[PDB]
DNA sequence: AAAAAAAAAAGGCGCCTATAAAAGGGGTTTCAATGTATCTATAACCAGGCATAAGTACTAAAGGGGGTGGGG
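Residue numbers (the entry's author numbering): 2 to 64.
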């Protein structure tokens with residue numbers, strides 16, 4: 002009966018957890034948790050999330 | 001004392017030895033060199049047992065440099 006625009010993000014559970022951590026810090030990122038591997042995210046924040054994930058993973062001093 | 005059987009002995013018969021010289025054939029009996037199965041000393045064969053040399057992996061060591069994380 003209702004539709005809303007957004008960006009669907011499909012990712013592994015560990016990445017889902019990381020995006021939730023990003024949201025908790027920055028807010029206004031995650032619109033809905035959909036399932037263990039899917040989120041609805043603010044479309045204007047998708048590139049931010051992708052860049053931040055890359056930084057979190059690639060720049061980790063314990064790599 | 002007698003008849004009887006068993007025994008040793010004799011006499012006789014036959015053939016042997018050494019003598020002799022000289023013409024053709026067939027017999028059995030013993031001994032010659034040349035070979036199978038079995039023997040001998042030799043040479044050569046396997047498997048099994050002990051000692052020495054070569055190769056193994058193993059543990060064994062010490063010496064250092066570089067990168068990442070934590071603390072000041």
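Backbone N, C-alpha and C define an ideal beta-carbon position, used for all residues, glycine too.
Supposed close pair residue 38, residue 17 - CB separation, criterion 8 Å: About 6 Å separates the two Cβ atoms, so the contact holds.
Expected contact under 8 Å - CB spacing of residue 47 and residue 31 to nearest Å: The pair is not a contact, with the Cβ atoms about 11 Å apart (cut-off 8 Å).
With 16 other Cβ atoms within 10 Å as the buried cut-off, status of residue 29: exposed
Other residues of its chain near residue 11: CB distance less than 7 Å, five sequence neighbours each side excluded: Here residue 11 has 38, 39 as same chain residues with Cβ atoms under 7 Å from its own Cβ, once five neighbours each way along the sequence are excluded.
Residue 13 burial status per 10 Å Cβ neighbour count (16 or more: buried): exposed
Within the stretch 5-36, ranges of the beta strand (DSSP E) (whole runs, at least 3 residues): 8-11, 31-36
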